[PDB]
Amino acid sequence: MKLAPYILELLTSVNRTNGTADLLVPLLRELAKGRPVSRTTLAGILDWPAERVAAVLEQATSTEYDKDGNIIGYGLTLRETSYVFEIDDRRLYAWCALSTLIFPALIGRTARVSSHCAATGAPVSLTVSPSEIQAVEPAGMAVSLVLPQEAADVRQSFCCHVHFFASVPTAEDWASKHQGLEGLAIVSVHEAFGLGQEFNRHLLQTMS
């Protein structure tokens, strides 16, 4: 299918203000270590004042913090979700299906991803590298997409509708009982991975 409007609206969304793109990649690489990330640690990596770092993060309303005020969730998260995302010996989680497909290229590591079909509850898993996916089980795995909304919180308007399914038929059956959700579409995990690749290329083509 035609992916340009998905890529465009997703890109538009992360350019909240200048900073997000350039903050996003180091933050993900820190979260991938499996521990909470301090605002000062980010500042060291970015060479920004911590208050600039906070100014970027305050625009991102779904950012998760722990009891110590450290960052534990931003696309990748230490707080349990349906999308398990393991790097090395650390279990991490992700906000949605497409996240799991995108973030391995950004952090430069292969991830072991596992979830459950949102229609049937069947387990699903794959290995996601910066350049390819492997071990897709079951092989006909599918992904739901919706159109992101620009000024909406990305987690509540996009991530919460973007799931893994055991198969395209299963997913399409499920989709026929959702309506009004703008841009709802079912694709194979391969097409979603390709989507994530175009997204990343565009997003990286515009950092410092």
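Note that residue numbering begins at 1 and tracks the sequence as displayed.
Averaging CA B factors per stretch from the PDB record, which one is higher: 64 to 72 or 171 to 179? Higher mean C-alpha B-factor: 171 to 179.
Between 154 to 162 and 47 to 55, which has the higher average C-alpha B-factor in the PDB entry? Here the higher of the two C-alpha B-factor means belongs to 47 to 55.
Based on what the PDB entry reports, which of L42, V146, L28, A142 has the top C-alpha B-factor? By C-alpha B-factor in the record, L42 ranks first.
When the modelled residues of the chain are sorted by Cα temperature factor, does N200 land in the lowest, middle or highest third? Middle third of the chain for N200's C-alpha B-factor.
Place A192 in the lowest, middle or highest third of its chain's C-alpha B-factors, as listed in the PDB entry. Lowest third, going by the recorded CA B-factors of the chain.
For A185, the third of its chain into which the C-alpha B factor falls: Its C-alpha B-factor, which the entry lists for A185, ranks in the middle third among residues of this chain.
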